[PDB]
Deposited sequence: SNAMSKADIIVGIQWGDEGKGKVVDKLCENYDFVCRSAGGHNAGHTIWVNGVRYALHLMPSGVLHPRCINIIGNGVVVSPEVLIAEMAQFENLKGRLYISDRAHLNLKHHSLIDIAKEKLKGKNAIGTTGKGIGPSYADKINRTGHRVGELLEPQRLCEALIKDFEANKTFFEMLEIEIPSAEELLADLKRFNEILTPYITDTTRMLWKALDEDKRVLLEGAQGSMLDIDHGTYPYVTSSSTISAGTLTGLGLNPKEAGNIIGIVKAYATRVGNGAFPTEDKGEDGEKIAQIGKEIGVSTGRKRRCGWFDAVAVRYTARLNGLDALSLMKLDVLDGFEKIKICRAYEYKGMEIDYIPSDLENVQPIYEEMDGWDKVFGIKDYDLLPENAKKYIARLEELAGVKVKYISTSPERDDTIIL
């Protein structure tokens, strides 16, 4: 069986995949996205230019790569077309599953009204997927048919629209948008299951880019604050129509400390000066809001958990430099839970307290390209993570520069 490698962020997201996935792409013929909406992915700076890949697989920055958006992705044609515009010609380089669900204008309108009543459109688009009332990319090949079906849907749903105080979308406008999507996307729409199976049959090199944090997995992450989809490696197989025998090497991507964007259990969070420092140095700041992210110490219990959920062959450790010059650093080696010490991630994480090992910091790992040259305390910290995680660290990034990486 010819196999696909897999790469996933094993935290709450922002593990810094981009530097990693981007370097790796050169070695693959196919780069594939599996699940999630456009809440996934990342932005990446290349030679001073900002690239958004929320929908598109990272391989689109490597013209040799063929990039597949799989059955599992929830695709907004608007967001996709806007991302495509960052490139001159993607034909032959980008294929979109005819089975991927559409997140259309009306999903955004529904989403907005719902927030009032208390990545737009993703939730309602997923809902329509699960209720099997939504429509899929292949239907864009028949805009007039799709438009008529949608109009029928809205009618049948009119009380839902009234309850949200939004009018039934215009048929004229809808047809015009659908025709536009048809004209633009037709050359990219294909059966991606057939194509990906063919690639593996021909022994081509295939990378699956898991697009979201393992701790955000709908089943295994810290529920309710999680995404709507499976984020772990077997989920990546599923969204692409691949089977467990087709899983190759699997690399987890992990920061040397932890962050969360929103609310939800965060055992190792540091609300004092250490955390604040991490936030500044690590630049963990929402691009859209300018808000500082929540920051905390490396959580080895959470990481061991997601390592096992993903079946990691290797860890790629990021932003180690962000800890330069800390006198002491913490690792959470276990939890205090309901009066006991536990080694695992319980379903109610809000009830655990971190149990820390303290370790001696270092002056600088920043920029270092050679393992031996690392501050001895940094070597100890790395070895301690590896040990607690249960997975070898094969990659260390000592700075934002693509060039500064240590290989083990």
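Going by the record, the unmodelled stretches of the deposited sequence, in order, are 1 to 3, 122 to 129.
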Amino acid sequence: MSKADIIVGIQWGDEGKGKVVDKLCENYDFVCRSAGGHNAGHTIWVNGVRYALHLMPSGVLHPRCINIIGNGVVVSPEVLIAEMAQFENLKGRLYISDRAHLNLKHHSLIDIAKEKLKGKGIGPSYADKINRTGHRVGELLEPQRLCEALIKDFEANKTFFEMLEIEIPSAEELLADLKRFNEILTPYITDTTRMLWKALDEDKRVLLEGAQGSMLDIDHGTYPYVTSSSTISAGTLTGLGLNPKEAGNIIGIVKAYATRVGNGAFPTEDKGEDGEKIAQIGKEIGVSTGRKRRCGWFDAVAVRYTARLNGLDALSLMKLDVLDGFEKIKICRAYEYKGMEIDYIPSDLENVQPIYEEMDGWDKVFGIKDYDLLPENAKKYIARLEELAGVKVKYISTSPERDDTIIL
From here on, numbers count along this sequence of modelled residues.
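Mean CA temperature factor is higher for 325 to 333 when stretches 194 to 202 and 325 to 333 are set side by side in the entry. Once the C-alpha B-factors are averaged per stretch, 177 to 185 and 164 to 172 rank with 164 to 172 first. Out of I66, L349, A383, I69, it is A383 whose C-alpha atom has the highest B-factor in the PDB entry.
Residues shown: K319, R294, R132, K120. Highest C-alpha temperature factor in the entry: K120. The deposited CA B-factor of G59 belongs to the lowest third of values across its chain. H106: CA B factor lies in the lowest third for its chain, per the PDB record. Compared with the other modelled residues of the chain, the Cα B-factor recorded for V393 ranks in the middle third. Split the chain's modelled residues into thirds by C-alpha temperature factor. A4 is in the middle one.
Annotation for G264: CA B-factor lies in the middle third of the chain's modelled residues.
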